[PDB]
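Coordinate inspection notes
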Amino acid sequence: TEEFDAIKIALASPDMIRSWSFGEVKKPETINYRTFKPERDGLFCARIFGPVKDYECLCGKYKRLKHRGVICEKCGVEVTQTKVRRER
Amino acid sequence: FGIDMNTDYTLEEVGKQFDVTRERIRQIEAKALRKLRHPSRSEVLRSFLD
Amino acid sequence: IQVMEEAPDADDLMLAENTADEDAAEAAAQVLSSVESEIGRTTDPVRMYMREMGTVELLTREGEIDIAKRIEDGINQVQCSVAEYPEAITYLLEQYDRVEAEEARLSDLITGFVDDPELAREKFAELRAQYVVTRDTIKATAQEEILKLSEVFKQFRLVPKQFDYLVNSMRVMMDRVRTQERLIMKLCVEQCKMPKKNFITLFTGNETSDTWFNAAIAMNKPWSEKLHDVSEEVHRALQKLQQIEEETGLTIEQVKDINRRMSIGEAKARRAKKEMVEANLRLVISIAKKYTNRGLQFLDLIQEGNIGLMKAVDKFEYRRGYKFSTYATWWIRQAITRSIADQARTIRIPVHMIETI
Amino acid sequence: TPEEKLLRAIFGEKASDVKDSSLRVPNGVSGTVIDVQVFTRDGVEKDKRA
Amino acid sequence: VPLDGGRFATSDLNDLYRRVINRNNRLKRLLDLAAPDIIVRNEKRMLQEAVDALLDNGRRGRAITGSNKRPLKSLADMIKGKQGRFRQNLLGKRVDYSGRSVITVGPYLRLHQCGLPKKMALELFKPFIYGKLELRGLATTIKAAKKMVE
DNA sequence: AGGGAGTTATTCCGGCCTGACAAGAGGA
DNA sequence: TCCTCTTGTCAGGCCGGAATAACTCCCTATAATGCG
Ligand SMILES: [Zn+2]
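Residues numbered from 1 in each chain as written, not as in the entry; some residues may be left out. Chains lettered and ligands numbered in written order. Part of a larger assembly, values for the part shown. Heavy atoms only, no water. Residues with missing side-chain atoms left out of burial classes, pairs and counts.

Method of determination for the deposited model, per the PDB record: cryo-EM, at 3.62 Å resolution.

Written out as structure tokens, the structure reads:
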């Protein structure tokens, strides 16, 4: 955690808005309603926002903590802490 | 296992790192396990069970 | 202000909130102007769209058959225009053989001709024969024989996707032609300082032969002498254009004729379909009123209905002898139902499951 | 996490796949159970007490 | 989040975002179709409506939700409250290690002290208890300390 | 007014393939 | 005598066909036409 001061406010330029965002949300769907896994690439998306459950990808190929920066080839979700889903 | 290290290596790879990869390594694991079964070494974890 | 129900009073506290609402009083000006012009402040999009549709009066029955004839005429015009350059039948036969040689399917290329697979196979045999003889006979007579081949080719009806792909292949070849011509004339006029009136006079008409090229270099201008600095590039673009027209083969004026006729036909058809859609927007909204209360907004419904009406218009056949409105109703209702079913629920649910519910 | 696996190996700790939920009495409340009622939906096999 | 029993709860932003994306996609399709100007213009109006409702709902026709009558809470509303910061300003951030109960006189007390019920103190000071219990070694680990408090 | 023919995805049973565990005998 | 080294068979992970769901192209033909 940084020790900060001076909080700056300015209009967001379109390239900064692109800068913060990790992925584009093209379809309005939220969840699969049958199996409640998130739909891609809907308003709730694991490959864009984050993995649903800690250190385990969507499709269930990677479940070990030993994998943390790998991005599952089938599901483009990186295997990391679920908390990341609060900030992306 | 992964105690104090990343991914855990199976018998053959651990043996490779010792350069001795054979039944003796699993037997060493089993002997350590068995001898640690004895209390006074296990009492701390015996109570630590939940 | 924020006065209560019927103007009470107590309460020495109205000046803190009076100070809590700032000096900058543009509003005063805003209100004044607005309430001093009596331009209807119709903010609600419903009203404005209501007026926009209100402008277009009801295109009666015989007007509708009129515009249907114009649509048909535009499509037929563009179909004839396609017939008229010897690089469109090549791909036709290539995919016909694909279908016959068994590298494709018999229903992927045609959906019934106009005036059985046996008949199609024989007509394409005689097409191959006429085509090859008219290509050999290229060396006047060849133009008349190409005209006759095109007149026999009029018989064919291609699957919509193939009609789109052929107009697109001819569009992309014309794109290459136009882009090459535009870049050559750009490089010339801008780098060689080519006076644009003499540009017109000598360059215009052919755009393919070197007569204007060699007259401009003979014109003794100093930029004419620099003309060799990029003569390789310019003349290579002229040669490439000449090869494009060697596979065209006819000339450099009939390319103009064809593109202008296709644009005209497309514009006519587009305008007719425009007429139909604005005439039937009222019908669309009329059908909309039923579905308003399935947790969707009104305007989204009317838009889905508009899309259904566009499709219906494009697929409508007057020759069946029935009124257009009844036919369009089916597509407008289908579209509205499909969109309400799909965009309704948060956790989207397949349409069969909705029907079962 | 690994160390739990180590402990499961050592003591023979067969992991039970069922979590606990049973309705325990609120904190600081003490009395007599005066009555019990059981509502089973149609279809499911009632238990002895029901 | 899933409520128990199958029912779901969602903030209104999900609905607002859905509406925005839907109208945007429909506009894309309408553009690809080369539809007449009137319909593309209506679509641009709809998109303007959706976005401006999303940022600050309440400066237009007040776009209500599906069949629920209460106006949906937009981002601007989510920020602005009474006074302003709902959770940042009053009120008021619930806090741990707190208790409350009825007061009683207790004359025998000295001026600088106060009578505090046993069980409240046990609950409050639980972790302090665990620390001291383990420092003396009377309990092997924290789990046994909890059992010993229980 | 929802009926469907065709197609692909996804779970699921049947069968292949490599680690891991047991019992005894031999060597220091 | 106690400690160490050896051969072999079960178990669990993986892939192919199958079978229930979903999504697009057929959807249509008397006429119905502004309303929140
Ligand atoms: Zn995965």
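**A few points about the coordination of the zinc ion**
The reference angle at a metal is 109.5 degrees if four donors form a tetrahedron and 90 or 180 degrees if six donors form an octahedron. Residues and elements named next belong to chain A. For the zinc ion, the full set of protein donor atoms is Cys57 (SG), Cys59 (SG), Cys72 (SG) and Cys75 (SG), at a range of 2.2 to 2.3 Å. Relative to the metal, the 4 donor atoms surrounding the zinc ion lie at angles of 108 to 110°, and the coordination shape comes out tetrahedral. Binding-site remark: the zinc ion is held by donors from one chain whose sequence spacing is C-x1-C-x12-C-x2-C. With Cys59 in the segment after α1 (14-20) and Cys75 in the segment after α1, this pair connects stretches of sequence that are 16 residues apart. Take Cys59: its relative accessible area is 43%, and that puts it in the partly exposed class. You can call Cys75 buried: its relative accessible area is 10%. (Donors = N, O, S within 2.8 Å, 3.2 Å for Na, K, Ca; no water. Tetrahedral: all angles 85-135°; square planar, octahedral: opposite > 155°, others 65-115°. Helix = DSSP H or I, 4+ residues; strand = E, 2+ residues; numbered from the N terminus. Buried < 20%, exposed > 50% of the residue type's maximum accessible area, 1.4 Å probe, protein only.)

**What about the interface of chain E and chain C?**
Listed as interface residues are 18 residues of chain E and, on the opposing side, 22 residues of chain C. At the boundary of chain E with chain C, the tally comes to 4 salt bridges. Linking E:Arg26 and C:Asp300 is a salt bridge whose minimum nitrogen-to-oxygen distance equals 2.5 Å. Taken together, the elements giving at least two residues each to the side of chain E that touches chain C come down to α1 (12-32) and α2 (37-55) of chain E. Take the side of chain E that touches chain C: its biggest share by element is 7 residues, from α1(E). In terms of residue class, the side of chain E that touches chain C is made up of 8 nonpolar, 3 polar and 7 charged. (Contact = heavy atoms within 4.5 Å. Salt bridge = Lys/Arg side-chain N within 4 Å of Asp/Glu carboxyl O. Nonpolar A, V, L, I, M, F, W, Y, C, P; charged D, E, K, R; others polar.)

**A look at the packing of aromatic side chains**
By the definition in use, this model includes 12 aromatic pairs over all chains. Consider the rings of C:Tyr91 and C:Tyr165, whose centres lie 5.1 Å apart with planes at 35°: the pair is tilted. For C:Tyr91, a relative accessible area of 28% gives the class partly exposed. One aromatic cluster in this structure is built from C:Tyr96, C:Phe113, C:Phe124, C:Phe153 and C:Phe156. Across from the ring centre of A:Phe22, 4.3 Å away, lies the NZ or CZ of A:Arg88, which sits over that ring. Stacked on the ring of C:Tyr165, the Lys or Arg C:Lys161 has its end atom at 5.3 Å from the ring centre. (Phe/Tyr/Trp six-rings, centres within 6.5 Å; stacked < 30°, edge-to-face > 60°. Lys NZ or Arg CZ within 6 Å of the ring centre and 35° of its normal.)

**Notes on the protein's contact with DNA strand G**
Near DNA strand G, the surroundings consist of 36 residues, among which B:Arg22, C:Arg282, C:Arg320, C:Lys323 and C:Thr326 are the closest. Taking all atoms of DNA strand G within 4 Å of the protein, the share assigned to sugar and phosphate is 45%. Contact distances for DNA strand G include 3.3 Å between a base nitrogen and a side-chain N or O atom of C:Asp44. Between a phosphate oxygen of DNA strand G and a side-chain N or O atom of C:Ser325, the distance comes to 3.1 Å. Only α2 (23-37) of chain B together with α3 (45-55), α13 (254-288) and α15 (324-343) of chain C provide two or more residues apiece to the surface near DNA strand G. Considering every element that reaches the surface near DNA strand G, the biggest residue donor is α15(C), with 8 residues. (Near = heavy atom within 4 Å. Polar contact = N/O pair within 3.5 Å; in protein donor to acceptor, adjacent residues only side chain to side chain.)

**With respect to the protein's contact with DNA strand F**
Near DNA strand F, the surroundings consist of B:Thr10, B:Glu12, B:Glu23, B:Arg26, C:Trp330, C:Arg333, C:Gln334 and C:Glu355. Put simply, 48% of the atoms of DNA strand F that lie within 4 Å of the protein are in sugar or phosphate. A distance of 3.1 Å separates a base nitrogen of DNA strand F from a polar side-chain atom of B:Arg26. Note that a base nitrogen of DNA strand F is positioned 3.1 Å from one of the side-chain N or O atoms of C:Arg333. Listing elements by their share of the surface near DNA strand F, those giving two or more residues are α2 of chain B together with α15 of chain C.

**Some points on empty space enclosed by the protein**
Residue and element names in this part refer to chain C. Within this model, the largest cavity holds a volume of roughly 100 Å³. Lining the largest cavity, in full, are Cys188, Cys192, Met194, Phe199, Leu202, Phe203, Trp212, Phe213, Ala216, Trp223 and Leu227. Broken down by secondary-structure element, the contributors of at least two residues to the lining of the largest cavity are α9 (196-203) and α10 (211-218). Across the lining of the largest cavity, the residue classes break down as 11 nonpolar, no polar and no charged. Taken as a whole, the second largest cavity holds about 60 Å³ of empty space. (1 Å grid on protein atoms, 1.4 Å probe; cavity = no way out; pocket = protein on both sides within 12 Å on 5 of 7 lines; lining within 4 Å. Points joined across faces, edges and corners; volume = space filled by probe spheres on them.)

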